[PDB]
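Below, in structure tokens: the form deposited in one PDB entry, a single chain.
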């Protein structure tokens, strides 16, 4: 799997891998999960850490790279290759399926996402489109 070209993201990914767990690796003091994705064009595996948004064993991937409204590359990758892995702590869930949410189901998980990571709300006030949310089931 490939590490992010972004320095702080790569650094946090390396820390997860050296520890064997996401526990203790934080953004704004909040927990994160490590997703394994597949690039739409390269076919390469890519490690993508995201904020932890979880409910009854399912996880959300919220596609908002801070103050940049354009979609992250991993958004196109997960739409092209819905099969992902998710690591929460030292537990790896392989071969999960990502699905983009719409309507009221998106709302249910957006609420949970902002509960977990309040800055998601601020990122939304800077785009006119709803931020994409994937459920991982």
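Only residues modelled in both forms are compared. Heads up, when I say rigid core I mean the largest set of C-alphas that superpose within 1.5 Å between the two forms. Numbering follows the first chain given and starts at 1.
Another form, the form deposited in another entry, is not on view; read the next lines as being about it.
- Core-superposed comparison between the shown form and the other one: the Cα of residue 69 travels less than 2 Å.
- When two forms of a protein are overlaid on their rigid core, residues whose CA moves 2 Å or more are considered shifted, and residue 114 is not one of them between the shown form and the other one.
- Fitting the two forms on the rigid core leaves the C-alpha of residue 127 displaced by under 2 angstroms between the shown form and the other one.
- An increase of at least 3 Å in the separation of the C-alpha atoms of residue 13 and residue 51 is found in that other deposited form, compared with the displayed form.
- Relative to what is shown, residue 84 and residue 27 are closer in that other deposited form; their C-alpha atoms differ in spacing by at least 3 Å.
- After superposition on the rigid core, the stretches of at least three consecutive residues with Cα shifts of 2 Å or more between the shown form and the other one are 4 to 30, 39 to 43.
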